[PDB]
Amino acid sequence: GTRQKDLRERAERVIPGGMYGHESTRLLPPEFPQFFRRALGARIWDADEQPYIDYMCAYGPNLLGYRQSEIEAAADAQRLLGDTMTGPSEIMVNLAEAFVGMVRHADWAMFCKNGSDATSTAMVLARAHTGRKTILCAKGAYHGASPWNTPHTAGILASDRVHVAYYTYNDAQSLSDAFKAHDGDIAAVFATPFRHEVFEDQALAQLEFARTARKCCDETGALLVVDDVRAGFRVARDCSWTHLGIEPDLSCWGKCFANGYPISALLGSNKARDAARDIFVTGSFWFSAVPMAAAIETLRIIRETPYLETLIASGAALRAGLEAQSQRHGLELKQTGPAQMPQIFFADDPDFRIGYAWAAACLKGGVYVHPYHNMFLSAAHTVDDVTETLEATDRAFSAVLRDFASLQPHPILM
């Protein structure tokens, strides 16, 4: 609309490319809005005041609803006291106690801003702890956008990641072999708790893979690092490997544990405490109290309320509804990963032209779904939201069938 077009014209002049990073719409159909005006519960409004039921949950942070009144009350109370001060607030202690108490593997916490801050801290910690160099990551796994791990390597030197080595996710043989390929020199294994990457089907972690990670780390003294920045608190009320009976040495957390306030965390066992004290990591904003107050109230709600069961039920209902609509319209889906963090692709759609068209058509019905990145459910998504969503998705399936002969892949994608 008129406001979006003005904003895009202006943005291109003063922001490289008009926008950047994971929230850029550059690889989405052109009808996706870039700039928003407001948000509440499970909904966002674009600059032209069109509402969307939001299945990105702000790319993860919106766990409980935008402007959730209890979290905003806790943030308000802390803001009357102080935020970014010469030292941390006393409540930093309360937050570390609360987080450590919830995470069975952890005896301590460190707070930072970005999830990338937490994964980088984990990497440096493991090198200090072991005196070894090699960090093992799954090929194509996203752990942040630092030089060591950013997925797109313009301006990145080989030397920035020369001591990162790779294994195939969910392949126990591949991981075992990676330990032996750098025999005696493994500082850490990083693993996301499931496979959650762009343009790729999701897949749950396999027990044998997770056991092999834990066993090889135990045998060698390497630290097991679960990167829970994305899945944290939508799989479980603890580390997302809890249900596999596999406890890491370090876990990284972010996005949603203050329901949108900027704070991330490294949780660590006592095994790793000395190395955590030896490294030097910090930032201007890492000791700010208002995000910590929001985190304390979010963690309370996580502990004390059926938020998790609620958002999973909404996810499951959406999944079932799309399966049924899929069969009716003759357009097979691949719905993968947990229903509460779903990847929803079309079968037999290798250039994504079908998925792109369908996602764009859902916008016209007031639904924001994503053709290449996993989605997310919030505890604020209602049974009514899901019913209304499925009316939009029905029409989107019809629009894709109607326009099927004229569909084109995204040019920049191509």
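All residue numbers refer to positions in the sequence shown, first residue = 1.
- Higher average CA B factor: 327-335, of the stretches 233-241 and 327-335.
- Mean CA temperature factor is higher for 307-315 when stretches 307-315 and 283-291 are set side by side in the entry.
- Remark: of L64, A361, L377, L40, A361 shows the highest value [criterion: C-alpha B-factor in the PDB entry].
- The PDB entry assigns the greatest CA B-factor among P193, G260, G221, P88 to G221.
- The deposited CA B-factor of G60 belongs to the lowest third of values across its chain.
- In this PDB entry, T119 carries a Cα temperature factor that places it within the lowest third of its chain's modelled residues.
- For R127, the recorded CA temperature factor ranks within the lowest third of the chain's modelled residues.
- Among the modelled residues of its chain, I53 has a C-alpha B-factor that falls in the lowest third according to the deposited record.
- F36 sits in the middle third of its chain by CA B factor, as recorded in the PDB entry.
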